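Same chain, two versions here, written out as C-alpha cells and called structure 1 and structure 2.
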Structure 1
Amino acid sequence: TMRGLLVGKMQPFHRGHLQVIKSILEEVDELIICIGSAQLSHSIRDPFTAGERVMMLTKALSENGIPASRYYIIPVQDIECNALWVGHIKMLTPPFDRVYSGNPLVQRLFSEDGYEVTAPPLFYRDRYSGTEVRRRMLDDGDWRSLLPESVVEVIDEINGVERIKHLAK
C-alpha cells in the first residue's frame, strides 16, 4: 500500500485543494491529508478552527464520491521546533511513503528525515486560492463559487462570513 501525505492550512477548504487531492489519488493508494496550523483560528488569514476544517474536509471528500478507504484527515498544530515537526506529523498519522508539497521548508524537513518528496501534480491559480475566498467573504464577492457546496453548508452553519466580517472591523 502506497500512502501519500499532503499538508495545508486549508482556510477554508476550496475547489483547488480538492482538484489537487483527486490528482494525487491517481498515483497513490491512500492519501493522508493534514490540516496544518490547526491551533490558528479567528483571524483574517486563519478564520476557522481545526474542528471546522475537519468538518469541511470530511463533508467535501464524502460529497465527491472518494471512498473513505482512500484517505485520512488529521489536524496538526504547528510547533516551535522545525526539527521536530516531521516527528510530530509521524506520531499523528498512519505510516506513509511520499510527501506532496511545493513548500521549500516542508520539502527539506521531510527530505532530511528520509522521505520521498515531490511537488503537487497540479497548481491552481491565485483567483481560486484561500486568499481570494477570504477576500470575497469579506467584500460580498462570489466566495461560494470557489468552494464545494458541502463546504458552503459548513460555512453557513458556523456563521463563518459573519465571523470574518466582525474580525475585520
Structure 2
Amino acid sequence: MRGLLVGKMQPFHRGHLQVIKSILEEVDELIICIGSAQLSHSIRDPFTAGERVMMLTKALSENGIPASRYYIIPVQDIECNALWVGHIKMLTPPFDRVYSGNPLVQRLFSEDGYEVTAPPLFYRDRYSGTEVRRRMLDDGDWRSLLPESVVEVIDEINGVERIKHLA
C-alpha cells in the first residue's frame, strides 16, 4: 500500500510533518513529490529543490521515520495541467491513494480515476508556506512553525538573508 503526497515545501513545515505521520499510519510507504522543483529564488518559491530535499530528509529522519518508508522525488512543473497526473506517474513508483488539500491536484487525480483523500488541516492559520515566509520577511516567529532540523537547514543555506534580499 503506497500513497502519494505532493507539495512545494517552501519550506517544509510542522503541518507537513503532521500530515505525513498520519498518512504513514494508513499506508506502508509514502511517495513525497516536491512540486515546482524548477522554481527557486523568488518570494513565493525561495528554496531550490535540492535544499528542500535536505529539509525533508533531515526532518523525517529527525522524527524517527525510517527512510525505507518514503520516496522524495523532485517534480518540475509543466505547462499542461491535463498531462500533469501522467507526468507524476512517469516519475514515480506505482501508488494506490493520493493525499492532497490542493483543489487542482484533487480534481486532476479525481478525473483520472484516483481516490483522493483530503487530510484534516493542522493549524492552517500558522502552518502554511505563506505564513512562514511572511514571518521570515517581517521578522516574525517563523522558527516555531518548522521542525528544528528544517530551521538548521535554512540557517545553513542563509535562507532568510536570501528571501529578504529578494524582497
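Whichever C-alpha set is largest while still superposing within 1.5 Å between the two forms counts as the rigid core. All residue numbers here refer to structure 1's sequence, counted from 1.
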Query raised in the report: Core fitted between structure 1 and structure 2: which of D113, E52, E30, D46 shows a C-alpha shift of 2 angstroms or more?
Result: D113
**Report entry** Core-fitted comparison between structure 1 and structure 2 - CA shift at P104, Å
**Finding:** 2.8
Query raised in the report: Relative to the superposed core, what is the Cα shift for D142 between structure 1 and structure 2, in Å?
Result: 1.0
Query raised in the report: Following alignment on the rigid core, what Cα displacement (Å) is computed for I66 between structure 1 and structure 2?
Result: 0.5
